[PDB]
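Comments concern the structure below.
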Protein chains: 6
Amino acid sequence: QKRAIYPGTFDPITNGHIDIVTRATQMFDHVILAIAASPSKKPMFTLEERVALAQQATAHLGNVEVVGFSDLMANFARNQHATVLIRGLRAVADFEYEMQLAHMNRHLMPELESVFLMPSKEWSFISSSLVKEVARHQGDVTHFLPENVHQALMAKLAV
Amino acid sequence: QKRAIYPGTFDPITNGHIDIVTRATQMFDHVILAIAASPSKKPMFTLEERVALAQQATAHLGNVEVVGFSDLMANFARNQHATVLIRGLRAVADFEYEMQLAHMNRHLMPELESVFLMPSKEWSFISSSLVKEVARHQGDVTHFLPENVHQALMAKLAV
Amino acid sequence: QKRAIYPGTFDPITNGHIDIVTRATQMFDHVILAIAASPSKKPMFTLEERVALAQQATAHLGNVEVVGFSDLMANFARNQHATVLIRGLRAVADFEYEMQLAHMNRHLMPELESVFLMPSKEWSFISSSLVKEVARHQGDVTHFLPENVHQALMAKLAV
Amino acid sequence: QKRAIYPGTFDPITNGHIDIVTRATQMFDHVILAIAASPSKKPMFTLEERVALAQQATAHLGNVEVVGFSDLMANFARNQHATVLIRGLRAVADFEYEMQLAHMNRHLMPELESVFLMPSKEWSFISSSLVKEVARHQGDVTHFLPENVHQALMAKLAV
Amino acid sequence: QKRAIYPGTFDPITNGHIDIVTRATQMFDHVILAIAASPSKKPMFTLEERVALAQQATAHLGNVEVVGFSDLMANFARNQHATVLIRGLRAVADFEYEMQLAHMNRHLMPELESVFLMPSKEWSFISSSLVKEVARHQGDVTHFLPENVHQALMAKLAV
Amino acid sequence: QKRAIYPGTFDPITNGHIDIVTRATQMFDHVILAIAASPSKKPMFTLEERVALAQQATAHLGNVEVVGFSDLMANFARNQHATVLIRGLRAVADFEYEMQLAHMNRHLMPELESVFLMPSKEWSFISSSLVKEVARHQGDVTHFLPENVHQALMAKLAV
Ligand SMILES: Cc1ccc2nc(NCc3cc(C)nn3C)[nH]c2n1
Ligand SMILES: Cc1ccc2nc(NCc3cc(C)nn3C)[nH]c2n1
Ligand SMILES: Cc1ccc2nc(NCc3cc(C)nn3C)[nH]c2n1
Ligand SMILES: Cc1ccc2nc(NCc3cc(C)nn3C)[nH]c2n1
Ligand SMILES: Cc1ccc2nc(NCc3cc(C)nn3C)[nH]c2n1
Ligand SMILES: Cc1ccc2nc(NCc3cc(C)nn3C)[nH]c2n1
């Protein structure tokens with residue numbers, strides 16, 4: 001009965017994201033992994049690609065649902081009947097931005113609670129941006145990505 | 001079903017704590033507000049006082065239980081069959097210490113998840129320490145405390 | 001006789017800016033709200049639009065003067081006979097950047113003092129960028145903008 | 001016309017404090033350098049010593065007044081008819097605590113504005129605590145102190 | 001026998017960079033100042049220009065070698081037989097990013113040690129970006145750049 | 001040839017310290033692990049205990065020398081003919097204090113360079129203080145300590 005949304009750009013989904021969504025499914029009955037189209041960020045992968053990659057990478061988790069969206073995130077939460085919004089916290093920089101976003105989301109949807117999870121030590125220093133930057137210079141990022149995502153990233157960069 | 005602990009010194013409990021525990025009760029079935037018995041620095045209020053004040057200030061929340069404890073937070077969570085540890089996040093100093101505690105707690109009790117909540121803007125700058133310091137120097141702290149705590153703090157400082 | 005400048009991009013001016021400039025006029029005899037053309041930031045509103053919006057939003061403050069500029073900000077301060085440069089401080093990120101800018105400005109104009117004000121709790125989490133991002137997704141930002149600015153933002157996004 | 005207070009422990013006053021108060025005197029008509037009487041941690045110098053040292057070190061500034069006080073900072077500002085409270089900002093730890101104090105002071109005395117000034121690069125890493133710690137361990141701190149304070153600190157440490 | 005690499009975009013090299021590389025040559029036998037082509041950052045100066053500017057600005061240091069590169073930085077370190085990677089640390093923002101990069105580099109090349117140096121007070125607030133921004137508005141940046149670099153920057157902006 | 005000091009309280013030495021000193025020995029010819037004799041806060045272990053524990057835990061490193069000292073760090077470095085002072089960096093709180101210490105040490109001993117190293121992800125959240133606090137509250141800290149220190153800490157806490 002408790003529904004949570006885990007929103008992000010997931011360009012592409014990393015093992016840090018897999019850790020966060022896994023921890024969310026151990027707390028809440030149903031977790032919506034919500035992939036924002038994010039045209040302003042000029043993503044490497046299309047929304048359809050990101051959704052497909054995330055679906056395969058989370059297929060082993062029975063209470064996850066992957067959906068793409070372009071809406072205001074508070075409206076999308078309401079429309080999914082979610083009362084929790086999950087964010088992962090890595091460093092001070094995101095923490096300050098996440099605090100601003102959480103105050104804005106509270107204004108837009110007061111009954112949506114933002115809950116923050118801290119990453120595992122293994123993934124505390126990675127981001128999609130850092131992984132792409134390493135891969136673009138032909139550095140090994142197999143440790144940081146689900147197998148299907150790593151294959152897709154190698155293929156994208158080969159073109 | 002889902003059991004969460006909200007540990008702290010609560011010396012005394014403030015409206016920032018009430019905000020956090022209220023948010024936790026809207027997320028989880030049962031919330032244990034856990035008051036540490038023997039703080040490193042001699043608290044202004046005794047454990048018995050802190051428990052009584054917190055019980056009165058949370059009596060309106062049906063799924064809160066106020067309990068004193070003298071153990072390691074993770075040992076207490078384990079014995080209470082809690083799978084969520086609630087922490088409030090106010091500033092950067094908070095975030096960095098909390099990250100260290102969360103990594104340590106994951107080592108001590110892997111089946112315990114640390115969840116971080118953000119206070120309302122109204123309470124994001126207060127702490128029990130700041131309220132006590134202002135009150136001891138004859139400043140107005142009525143806005144930041146439950147009525148019963150306001151009364152108890154005035155009585156303490158009058159002697 | 002004490003003249004202060006409050007510089008920024010003001011794209012568009014928000015209620016956080018209104019709070020800062022209002023507080024500045026309670027401290028200093030004359031405040032110049034100085035709007036930088038900022039072509040490098042590709043602003044949503046033209047400089048003329050930003051100046052007009054800020055003029056209307058501050059018309060109730062008798063000792064404010066709104067001016068657009070493209071100059072080095074230390075030169076513009078000197079040319080306005082200002083000895084104080086006002087900046088609002090929201091989080092750690094701007095604080096560090098503001099410290100760098102203040103040291104550079106001190107090098108360029110040693111007699112120009114940078115003074116920093118802290119925002120009201122109400123506006124401590126907003127920025128022009130965040131308001132635009134919410135509005136672009138059709139979220140309600142009426143609370144955060146002067147009425148004339150909100151109308152102009154809705155109209156801009158309608159085209 | 002404009003009255004400002006610059007409160008602190010000044011145990012002892014350093015060249016960083018002299019820098020801040022000098023900058024304040026170039027901004028405001030009258031600056032009260034306000035020395036707290038009963039610090040939480042037993043100061044190295046008595047209140048009478050700290051006041052005498054600060055008076056000598058600021059005697060060349062015609063619009064500074066050095067005063068001891070034992071009250072809440074806002075209560076003292078109010079009774080001194082000050083409308084500006086001066087704080088120096090050095091690092092991130094400074095900024096976060098100062099933000100909390102400023103929000104509290106706005107609650108306690110809405111007609112008091114908190115103004116933050118930045119030290120010269122020369123003094124941005126010093127504090128009375130660091131200077132005392134270096135001096136007690138037989139390090140050279142002459143550069144960081146007014147001559148009279150250097151003399152008084154050497155005498156204190158010799159006994 | 002101890003070889004260190006000091007990588008960066010150096011667009012253009014500043015006196016802060018000169019300070020760091022000078023300190024590195026006092027610690028290590030041979031220092032490679034490694035200039036990344038950095039097309040993603042759309043540099044003002046071409047790689048060949050940046051290399052030539054850095055060579056002239058470090059010609060007085062006998063154990064510095066300036067080289068341009070487009071490789072993964074861990075691979076370039078290995079190929080230069082370097083076991084130390086030098087980074088300068090200015091503020092909290094770079095510190096957090098540098099920590100992420102250092103953890104990634106440790107994954108890619110475990111025997112490459114990242115060592116961080118703190119800048120002189122004189123250069124603690126400057127960056128290539130800030131210097132370019134000031135120069136683009138015709139502000140004086142002679143204090144912050146080697147003579148040859150300042151001439152080249154003035155000439156670039158004159159076109 | 002190159003002599004470095006690694007100063008600290010080491011109360012007790014942890015695996016984070018072992019990591020840092022091991023990294024330092026791979027960079028410099030001789031590393032002095034320097035244990036401060038009279039900490040500001042009464043250490044859990046006496047100086048003789050801390051030195052013996054650190055000697056045993058570093059006996060496998062051929063170019064480490066464990067020495068107690070009661071002086072200013074810079075005075076000790078100078079007398080040991082060290083030109084490098086090693087510090088470990090864990091978080092933002094670490095970074096800001098270390099920046100202040102490094103600027104002061106450059107004032108006290110210009111020929112001493114401060115070098116900052118980053119701990120493995122495995123140890124980036126631990127400190128002697130956190131380990132002691134967990135152990136005194138009956139938590140498992142075996143993973144974070146050399147075996148000899150684990151034994152000594154258990155014995156200390158048993159009495
Ligand atoms: C309060 C607030 C601020 C910015 C927002 N952007 C959106 N929608 C798009 C979106 C959601 C996510 C996640 N990523 N992206 C690009 N909703 C917002 N809500
Ligand atoms: C990981 C960790 C670190 C310190 C700890 N202290 C405790 N218990 C005592 C305690 C808890 C609170 C709240 N206050 N006090 C005094 N448990 C801990 N767990
Ligand atoms: C020391 C320094 C650094 C950057 C500068 N940019 C300018 N002028 C343009 C400007 C001013 C403001 C406000 N916004 N913008 C875009 N003056 C500068 N001064
Ligand atoms: C909001 C706030 C918080 C703490 C306060 N302490 C005081 N007065 C005592 C004081 C001032 C200084 C400087 N040092 N000392 C000991 N006024 C306060 N106001
Ligand atoms: C771990 C990691 C992350 C990003 C990387 N980018 C590169 N090569 C290009 C590069 C090196 C420098 C310095 N600047 N630039 C643009 N190597 C990387 N290694
Ligand atoms: C610049 C500076 C600041 C404080 C200092 N304290 C010392 N020596 C005493 C000391 C060193 C360590 C480690 N622990 N303890 C107690 N040297 C210092 N240098």
Side-chain angles (χ1 to χ4, degrees), chain D residues 8-9 11-20 39 43-44 87-89 91-100 116 118-135 137-147 149-150 153-154 156-158, chain F residues 5-11 32 34-39 43 47 50 67-83 85 87 89 91-116 124 127 129:
Chain D
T9 304
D11 182 39
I13 190 170
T14 75
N15 286 339
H17 298 125
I18 300 301
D19 184 76
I20 293 304
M44 178 179 281
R87 306 284 293 168
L89 285 186
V92 168
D94 257 5
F95 170 76
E96 288 216 304
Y97 184 53
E98 294 301 332
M99 266 207 48
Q100 291 163 19
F116 300 87
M118 296 188 14
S120 156
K121 293 187 293 301
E122 195 64 25
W123 321 120
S124 65
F125 65 91
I126 65 158
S127 63
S128 298
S129 296
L130 182 60
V131 168
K132 287 182 292 185
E133 196 64 22
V134 169
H137 286 99
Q138 308 190 36
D140 183 4
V141 298
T142 309
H143 182 64
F144 308 111
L145 300 173
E147 165 62 17
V149 177
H150 167 59
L153 178 59
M154 291 194 294
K156 192 68 75 178
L157 294 174
Chain F
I5 60 153
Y6 176 31
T9 304
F10 304 103
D11 182 39
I32 298 150
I35 305 190
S38 309
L47 179 64
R50 287 176 285 130
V67 181
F69 78 109
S70 59
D71 205 344
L72 188 77
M73 287 183 301
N75 287 344
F76 175 78
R78 192 185 293 108
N79 293 135
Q80 293 295 319
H81 301 181
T83 57
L85 190 161
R87 306 284 293 168
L89 285 186
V92 168
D94 257 5
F95 170 76
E96 288 216 304
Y97 184 53
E98 294 301 332
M99 266 207 48
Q100 291 163 19
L101 283 185
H103 286 308
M104 180 59 77
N105 277 329
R106 195 165 287 150
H107 165 81
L108 296 162
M109 189 176 161
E111 74 274 18
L112 179 69
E113 194 51 65
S114 293
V115 162
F116 300 87
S124 65
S127 63
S129 296

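The sequence lines fix the lettering, A, B, ..., with proteins before strands; numbering per chain opens at 1.
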Report task. Find the one option among F:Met73, F:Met99, F:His107 whose heavy-atom pairs under 4.5 Å with chain D are most numerous. Result -> F:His107
**Report entry** CE on F:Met104 to CG on D:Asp140, rounded to 0.5 Å
**Finding:**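 Separation between the atoms: 9.5 Å.
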Query raised in the report: Atom NE2 in D:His137, atom CZ in F:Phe76: separation rounded to 0.5 Å?
Result: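 Those atoms lie 13.5 Å apart.
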Query raised in the report: What's the shortest heavy-atom distance between F:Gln100 and D:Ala91, and which atoms?
Result: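 Of all heavy-atom pairs spanning F:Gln100 and D:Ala91, the closest is NE2-CB, 4.1 Å.
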Report summary line: Tightest non-hydrogen contact, residues F:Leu101 and D:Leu130, listed as CD2-CD1, 4.0 Å
